[PDB]
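A quick write-up on the structure given underneath.
Positions of Cβ are backbone-derived with ideal geometry, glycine not excepted, and every protein chain shown enters the neighbour counts. Please treat every number below as a calculation from the coordinates, not as lab data.
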Amino acid sequence: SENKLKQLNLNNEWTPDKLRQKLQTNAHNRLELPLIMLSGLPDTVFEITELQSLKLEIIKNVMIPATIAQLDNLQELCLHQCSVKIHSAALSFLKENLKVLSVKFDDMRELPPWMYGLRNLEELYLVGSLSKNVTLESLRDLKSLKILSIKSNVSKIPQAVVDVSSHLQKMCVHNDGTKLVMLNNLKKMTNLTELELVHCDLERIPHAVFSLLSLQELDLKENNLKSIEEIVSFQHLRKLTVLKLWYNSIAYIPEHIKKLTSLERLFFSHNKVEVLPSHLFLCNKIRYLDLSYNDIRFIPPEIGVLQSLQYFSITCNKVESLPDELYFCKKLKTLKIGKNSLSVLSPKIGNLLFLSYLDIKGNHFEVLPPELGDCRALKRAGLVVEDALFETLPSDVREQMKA
């Protein structure tokens, strides 16, 4: 008797107007309705047929009724610290329709056991503790799973993921620093194209990565990497274009990196690099190069050979001079000089006709070159500088950049 009146007072309060007031567009380009502290699920929720995602936060003892079948445009479900039970027809609807799922559990209490039966699920995001052996059930009935992201404290890639190896394409594990010591199952992730082993305390590039011949992107963030001479084995991965070694302790970029033929995006920010060698710029197909938060002092002239370079960042280094050959990278779209030790800015920056973002705040400039007006895509909103330095620009250069 009390439960009926409870839901009556939830449905009375949450009318479709006040519910649609909370409608927004989420990070996955979907129309989402966020519920944050309710006593349950209002039945009126199933009248908002236009919503594409349903986000539940801190709602304990939730039951999804069969009226969930009314949400004809339902592709995503989000659970933050929620204990959710489903109806039979509700689970059938979610099995045939739910495509993206994101669950955050403080305890195993909030990880729904029905999630393992959603075959039409394409993306799965878990943020919670799953550990010896992972307490993840076999992803056996996720027949269409493509992206898996596990945020945990896990020491081994669970065998549960080996049951999705035939069609899984992107796997992300961002552990809390717990060392991933058993990497054997990663060898069975054949059809993987993007891999993220972040903050796993690996300490060396793992051998298993060299088994993913179809791998294109790689993220090894926050793993205390000091020696990366295993880059040699990456020439066995002939389709690798994105290689992220950022947030490590690397001080020496070996010559073997020049043999990474298909390299285009190189993430080397937040390392211990003091000298960037000549051969680093023999990877002529590089578009993205972030070397920020290092001890770089000189930029080599050979960077001029990177004719396809569009993104370059050396913020928070010890750079004292920039080579003029840098302004041969005529496709430069973003230049982040940032907090260095530059005394003068070359007029040849006018050659970068595509430059749209420049950050030179925190340097040793005395006057800015007028040829900054030749960068037709660069605006003051996209130009980071000391306002006193921006005053050194010619008057109409100033106005043309502001309007």
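In region 114-231, if the dipole is taken from +1 on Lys/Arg beta carbons and -1 on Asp/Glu beta carbons about the Cα centre, which of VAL127, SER166, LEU202 is farthest to the positive end? My answer, from the dipole projection, is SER166. Neighbours of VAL275 by Cβ distance under 12 Å: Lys/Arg scored +1, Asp/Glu scored -1, total +1.
Here the chain is treated with +1 on each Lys and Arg Cβ and -1 on each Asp and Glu Cβ, and its dipole about the Cα centre works out to around 820 debye.
Take every DSSP beta bridge whose two residues both sit in the chain; close to 5 percent of them are antiparallel. Summarising the label geometry, the points placed 7 Å from Cα in the beta-carbon direction at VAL367 and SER341 lie 2.5 nm from one another.
Considering only alpha-carbon pairs that sit under 8 angstrom and 6 or more positions apart, the relative contact order computed for region 1-121 is 18 percent. Summing +1 for each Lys or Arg and -1 for each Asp or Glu among the other residues whose beta-carbon sits under 14 angstrom from that of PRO34 gives +3.
Which parts of region 1-32 would a label at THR49 reach, counting a residue when its backbone N lies under 19 Å from a point 7 Å out along Cα-to-Cβ? Answer for this model: 15-21, 23, 31-32. Amide hydrogen proximity for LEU79: with H placed 1.01 Å from N in the peptide plane, the residues at 5 or more positions away or on another chain lying under 5 Å are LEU56, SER102, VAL103, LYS104. Spin-label model, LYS259/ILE147: points 7 Å from Cα along the beta carbon direction are separated by 3.4 nm. Peptide packing for 184-191, 74-81, 147-154 was compared via the average number of neighbouring C-beta atoms within 10 Å per residue; ordered from the highest value, the list is 74-81, 147-154, 184-191.
Think of each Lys and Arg Cβ as +1 and each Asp and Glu Cβ as -1; about the Cα centre, that makes the dipole of region 1-121 roughly 180 debye. Database remark: amide H of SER321 closer than 5 angstrom to the amide H of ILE299 (H placed geometrically; neighbours at sequence offset of 5 or more, or on other chains; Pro and chain starts carry no H).
Note on the chain: dipole from Cβ charges, positive end direction compared against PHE328, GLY362, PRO254; the farthest Cα belongs to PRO254.
Summing charges over all other residues whose Cβ lies under 13 Å from the Cβ of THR67, with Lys and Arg as +1 and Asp and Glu as -1, gives -3.
Modelled this way, with points 7 Å down the Cα-to-C-beta line, the labels at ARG109 and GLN169 are 3.8 nm from one another. Taking 0.36 nm per residue of separation and subtracting the current Cα-Cα distance, fully stretching the chain between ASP295 and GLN400 would add 34.2 nm. Peptides 14-22, 199-207, 360-368 ranked from most to least packed give 199-207, 360-368, 14-22, packing being the mean of other C-beta atoms within 10 angstrom over each peptide's residues.
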